[PDB]
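A.B. asks: Provided hereafter are the protein sequence and its experimental coordinates.
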Amino acid sequence: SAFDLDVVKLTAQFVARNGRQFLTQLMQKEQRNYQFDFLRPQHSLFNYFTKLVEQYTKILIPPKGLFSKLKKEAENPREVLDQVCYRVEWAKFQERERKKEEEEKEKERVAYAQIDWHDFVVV
Amino acid sequence: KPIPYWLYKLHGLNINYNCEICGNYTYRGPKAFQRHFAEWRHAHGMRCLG
Amino acid sequence: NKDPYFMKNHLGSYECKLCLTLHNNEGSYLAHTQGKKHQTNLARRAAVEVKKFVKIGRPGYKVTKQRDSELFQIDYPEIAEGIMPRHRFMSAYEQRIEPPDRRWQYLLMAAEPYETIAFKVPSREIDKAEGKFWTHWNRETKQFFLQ
Amino acid sequence: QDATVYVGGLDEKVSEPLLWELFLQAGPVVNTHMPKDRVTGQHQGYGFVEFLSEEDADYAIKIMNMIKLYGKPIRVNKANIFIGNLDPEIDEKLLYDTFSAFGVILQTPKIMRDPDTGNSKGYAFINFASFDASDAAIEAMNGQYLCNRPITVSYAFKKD
RNA sequence: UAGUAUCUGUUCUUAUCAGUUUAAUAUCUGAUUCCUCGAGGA
RNA sequence: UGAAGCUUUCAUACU
Ligand SMILES: [Zn+2]
Ligand SMILES: [Zn+2]
């Protein structure tokens, strides 16, 4: 699976340098008798190819290392510790939201299994 | 409890036969020993030599 | 007797399969049953709160159906609760009076402060009556939709 | 166990030489085994066919899969919701794909197997993510037409 | 009448060698203070 | 899974 991953990485690297949505280096390759089944969204590898293209687009950011240098993440452990604490707080908030959604689903299941299903009215 | 004196004397028991091909496993009375060569443990022991 | 061990062979003599024994008559087999061998061989073979507190005033609901192609809208008042109204498809076999010729299905939507509104579906399967699949309940406008 | 193929879904018309005669076109079936029940004294629908080579057993498993033999879903294989009377031709991944249309599955499902053969017992257990998927399985899947076998979905544990 | 067969009952230290005999067993013939609750077992 | 032998005061059947 190394050759398919390398082809997907090459397609994500060639598609990230495009100046338009449809005017890319991979749309013209489809008409140039080159078989590429990862371009269609019906395949399961397209969801990974989209994430690879998003990572290639995020690797081209101006704070990603092209024309600037990161100082907080590279020369401050306290900022990295604060970011890790904020990520842990966001994960705890997401777990609390998932627990609240599970409690709401359990309450809706308890309310649906206790209502009267014999009082039918056709208007 | 212990087996009846008839089971222990009539059944060829009290006599134990040992086999080196079977881990020096000591077998009990004449009839039990004869089956042993066909059983699993003896086939295993014999496969050790090939 | 009724025990499976007692049986009759082709010869016609009685025989206990549990004890591997032959007996001339019934009395010999019953004397064998009280013996040590049969007892030892048998010993070897021996080893609600939410439903009652739900208020029911039964108000008049407002349902609007529309034939779509690729959906009903039920206007309900403010319930001031997090419990969404649930829809479910049932049969017409169970009723309070059981009318004849009831062989169709009915999709009914029910809530806690309001009464259930039911619509009969003569077709077999044209949509899905699942709650989490094709239903929506906007609590800002209190609008219930199901398609 | 590798050269033998376990067949499931045999009716009363199928017999011990009948399975060997039906599996003779697939490969050289050397022996046929049918475990008899203790209460009824007949076959429980599951049997085994021991062939000579593993390729013949693979061809019999790939040829006689999900077949309609004696009005029964016969299939050969390599030897809180409860689903009963399920076809042995489906696997755990097939049952997970069939259960994915109703609701979301929490993990991989498991199917009960016999302690003697080990192919299919007849019942299976599957767990859903929420109670809405269980209600949708009890409303729609409890009685749906499966592969020549009427399944029945029920609740494993319920508190009154 | 007196022969056989089938049920019931009994069936001989989980202590060691030698000899007669046996297909092999089996059978027969000889040798090898302490613990427990006044009593029992080894 | 299995090995039911030997004997008599039994008792019961067949020659
Ligand atoms: Zn050996
Ligand atoms: Zn008996």
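C.D. replies: Perfect, thanks for sending it. Residues are numbered from 1 along each chain as shown, chains lettered A, B, ... in the order given. Ligands and ions are numbered 1, 2, ... in the order given.

A.B. asks: Got the phi and psi for the most centrally placed residue in chain A?
C.D. replies: Residue closest to the average C-alpha location in chain A (Cα atoms, centre = their mean): residue A:51, at 6.1 Å. For residue A:51, the backbone dihedrals (degrees, to the nearest 10) come out as phi -70, psi -40.

A.B. asks: isn't residue D:130 right up against residue A:103?
C.D. replies: No - Residue D:130 lies out of contact with residue A:103 (Cβ atoms under 8 Å); the separation is 11.4 Å. Placement of C-beta: from N, CA and C, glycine included.

A.B. asks: what sits against residue A:79?
C.D. replies: Residue A:79 makes contact with A:72-73, according to Cβ atoms under 8 Å, 6 or more residues apart in numbering or on different chains.

A.B. asks: Now name the helix or strand holding it.
C.D. replies: For residue A:79, the element it lies in under DSSP states H and E is helix A:77-112.

A.B. asks: and the residue of chain B at minimum distance from RNA strand E, how many residues sit next to it?
C.D. replies: In chain B, the residue that lies nearest RNA strand E is residue B:5 (2.7 Å; Cβ to the nearest atom of the strand). Using other Cβ atoms under 10 Å in any protein chain shown, residue B:5 has 8 neighbouring residues.

A.B. asks: what do you get for residue D:87?
C.D. replies: Neighbour count for residue D:87, taken as other Cβ under 10 Å: 21.

A.B. asks: hmm, back to that, quick one: the residue nearest to the centre of chain A and RNA strand F, what's the gap?
C.D. replies: 59 Å (Cβ to the nearest atom of the strand, to the nearest Å).

A.B. asks: now swap in residue A:10 and tell me
C.D. replies: 64 Å.

A.B. asks: burial count for that residue?
C.D. replies: Residue A:10 has 12 neighbours, counted by other Cβ under 10 Å.

A.B. asks: Please identify the buried residues of whichever helix or strand it is part of?
C.D. replies: Following DSSP H and E, one finds residue A:10 within helix A:2-15. For helix A:2-15, a neighbour-count test (16 or more other Cβ atoms under 10 Å in any protein chain shown) marks A:8, A:11-12, A:15 as buried.

A.B. asks: In terms of helices and strands, where is the residue nearest the centre of chain C?
C.D. replies: The centroid of chain C falls nearest to residue C:90 when counting by Cα atoms, centre = their mean (13.5 Å). Element membership for residue C:90 (DSSP H and E) is strand C:86-91.

A.B. asks: what's the helix or strand harbouring residue C:144 in contact with?
C.D. replies: Using DSSP H and E, residue C:144 falls within strand C:143-146. By Cβ under 8 Å, 6+ apart, the residues outside strand C:143-146 that reach it are C:71-76, C:85, C:87, C:107, C:109, C:129, C:134-138.

A.B. asks: Export stretch B:33-44 to PDB, keeping only CA atoms.
C.D. replies: Output of stretch B:33-44 as PDB, limited to C-alpha atoms (Å, rounded to 0.1, in the frame of the first residue of the first chain):
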ATOM      1  CA  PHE B  33      -0.700 -49.900  27.600                       C
ATOM      2  CA  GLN B  34      -1.600 -51.400  24.200                       C
ATOM      3  CA  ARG B  35      -3.900 -48.400  23.300                       C
ATOM      4  CA  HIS B  36      -1.200 -45.900  24.400                       C
ATOM      5  CA  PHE B  37       0.900 -46.500  21.200                       C
ATOM      6  CA  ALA B  38      -2.100 -45.400  19.200                       C
ATOM      7  CA  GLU B  39      -3.100 -42.500  21.500                       C
ATOM      8  CA  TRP B  40      -2.000 -38.900  21.000                       C
ATOM      9  CA  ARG B  41       0.800 -38.700  23.500                       C
ATOM     10  CA  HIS B  42       2.800 -41.500  21.900                       C
ATOM     11  CA  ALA B  43       2.300 -40.000  18.400                       C
ATOM     12  CA  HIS B  44       3.700 -36.800  19.800                       C
END
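
A.B. asks: Doesn't residue C:43 lie inside a strand?
C.D. replies: No - under DSSP: H, G, I helix; E, B strand; the rest coil, residue C:43 sits outside any strand and is assigned helix.

A.B. asks: Tell me, how many residues neighbour the residue in chain A that chain D sits nearest to?
C.D. replies: Relative to chain D, the nearest point of chain A is residue A:109 (3.8 Å; Cβ to the nearest Cβ). Neighbourhood size, residue A:109 [other Cβ under 10 Å]: 17.

A.B. asks: what does chain C put close to chain D?
C.D. replies: C:48, C:88-89, C:129-132 (Cβ under 8 Å from any Cβ of the partner chain).

A.B. asks: Of those, which belong to strands?
C.D. replies: Taking DSSP state E as the definition of strands, these contribute C:88-89.

A.B. asks: Format the residues of chain C next to chain D as a markdown table; extra columns: neighbour count and distance to residue D:157.
C.D. replies: What follows is these, written out as a markdown table (neighbours: other Cβ atoms under 10 Å in any protein chain shown; distance: Cβ to Cβ, whole Å):
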| residue | neighbour count | distance to residue D:157 |
| --- | --- | --- |
| C:48 | 7 | 17 |
| C:88 | 19 | 22 |
| C:89 | 17 | 25 |
| C:129 | 21 | 25 |
| C:130 | 20 | 23 |
| C:131 | 21 | 22 |
| C:132 | 14 | 22 |
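
A.B. asks: Could you look up the SS state of residue D:19?
C.D. replies: Taking three-state DSSP, the label given to residue D:19 is helix.

A.B. asks: give the contact list for it.
C.D. replies: Applying Cβ under 8 Å, 6+ apart to residue D:19 gives the contacts D:7, D:10, D:29, D:32, D:34, D:47, D:49.
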